[PDB]
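Note that the entry's author numbering has the sequence shown beginning at 94, numbered continuously upward.
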Amino acid sequence: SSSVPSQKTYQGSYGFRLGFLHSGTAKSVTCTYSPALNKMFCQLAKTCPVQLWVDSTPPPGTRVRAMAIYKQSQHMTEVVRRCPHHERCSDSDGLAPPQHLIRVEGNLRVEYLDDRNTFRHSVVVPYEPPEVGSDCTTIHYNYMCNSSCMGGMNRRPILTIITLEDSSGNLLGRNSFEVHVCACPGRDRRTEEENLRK
Ligand SMILES: [Zn+2]
Ligand SMILES: [Zn+2]
Numbered sequence: 094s095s096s097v098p099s100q101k102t103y104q105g106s107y108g109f110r111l112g113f114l115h116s117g118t119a120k121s122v123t124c125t126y127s128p129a130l131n132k133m134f135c136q137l138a139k140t141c142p143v144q145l146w147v148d149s150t151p152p153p154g155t156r157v158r159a160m161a162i163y164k165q166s167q168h169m170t171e172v173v174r175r176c177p178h179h180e181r182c183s184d185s186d187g188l189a190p191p192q193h194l195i196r197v198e199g200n201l202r203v204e205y206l207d208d209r210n211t212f213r214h215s216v217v218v219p220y221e222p223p224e225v226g227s228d229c230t231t232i233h234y235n236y237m238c239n240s241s242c243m244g245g246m247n248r249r250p251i252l253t254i255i256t257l258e259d260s261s262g263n264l265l266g267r268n269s270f271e272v273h274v275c276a277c278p279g280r281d282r283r284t285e286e287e288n289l290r291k
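And the structure:
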């Protein structure tokens, strides 16, 4: 059949897992995470904090990669990409190729990959140990297209897969979370958690 990027949780030797801010569901929130759904709700192009927690520190040369896949089997082989409309947005970023859905902000060492063999997009930064006074490292992602964009995800659910890898790309750890990009993430989180209850 067709191999797809794995989404299996794997903490690895460093005890790698993800954390998310406790941001609430008010109308004004821009990024919010549901532990009931393991799902991030966030606004187009806004900052999405993703914490990296480890029990011990990965070595220099370790990198952290992010890639989106469609959640549903019948769409899983389709590369997740930004819609043609959003490709044309004007911003201060001088690094991300216009087709990439996921960007990293605030990191001058970011690299973007358009895999020559799988065609998948990903965004990768060097792993760094927590800043002074912090217990975790955070990476700040932006999602550059809405769930609703007809020329992109077109309402199909996606997951983001975060991989910890060595300098050669070998697996050191993996986690994932669903993400819904939308104008009203607090309202959407509230709706979906209410659906879940029912
Ligand atoms: Zn625009
Ligand atoms: Zn779009």
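A virtual CB, placed ideally from N, CA and C, is assigned to each residue, including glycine.
Which residues DSSP lists as bridging residue i, in chain order
| i | result |
| --- | --- |
| residue 306 | The structure shown does not extend to residue 306, since the chain is modelled only from 94 to 291, so the question has no answer here. |
| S269 | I254 |
| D148 | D148 is not bridged to any residue. |
| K132 | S127 and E271 |
| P142 | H233 |
| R156 | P219 and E258 |
| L111 | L145 |
| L201 | In the DSSP output, where bridge partners are listed per residue, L201 has none listed. |
| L188 | Answer by DSSP bridge pairing: none, since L188 is not bridged. |
Host alpha helix (DSSP H) of residue i (start-end)
| i | result |
| --- | --- |
| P278 | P278 to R290 |
Residues near residue i in its chain [Cβ-Cβ closer than 7 Å; skip 5 each side]
| i | result |
| --- | --- |
| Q165 | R249 and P250 |
| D207 | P190 and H214 |
| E198 | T140, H233 and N235 |
Residue range of the unbroken beta strand (DSSP E) whose run includes residue i
| i | result |
| --- | --- |
| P219 | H214 to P219 |
| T125 | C124 to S127 |
| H233 | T230 to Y236 |
| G245 | Segment: none, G245 is in no beta strand (DSSP E) and carries neither H nor E. |
| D207 | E204 to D207 |
| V197 | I195 to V197 |
Spatial neighbours of residue i in its chain, beta-carbon cut-off 6 Å, leaving aside the 5 residues before and after
| i | result |
| --- | --- |
| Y126 | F113 and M133 |
| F109 | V147, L257 and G266 |
| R283 | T118 |
| residue 39 | The structure shown does not extend to residue 39, since the chain is modelled only from 94 to 291, so the question has no answer here. |
| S185 | none |
Cβ separation of residue i and residue j, assumed to be a contact under 8 Å, to the nearest whole Å
| i | j | result |
| --- | --- | --- |
| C124 | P142 | 7 Å |
| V217 | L194 | Not really, about 14 Å apart at Cβ, beyond 8 Å. |
| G154 | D228 | In fact, because the Cβ distance is near 23 Å, the residues do not count as touching under 8 Å. |
| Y220 | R156 | 6 Å |
| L111 | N268 | 5 Å |
| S149 | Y107 | 5 Å |
| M160 | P222 | 23 Å between Cβ atoms; not a contact. |
| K120 | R280 | 6 Å |
| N239 | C277 | No, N239 and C277 are not in contact; Cβ-Cβ is about 11 Å, not under 8 Å. |
8 Å Cβ shell around residue i - same chain, five flanking residues per side excluded
| i | result |
| --- | --- |
| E286 | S127, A129 and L130 |
| residue 92 | Outside the shown range of the chain, which is 94 to 291, sits residue 92, and nothing can be said about it. |
| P177 | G244 |
| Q100 | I162, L252, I254, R267 and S269 |
| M237 | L137, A138, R175, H179, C182, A189, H193, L194, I195 and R196 |
| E171 | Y163 |
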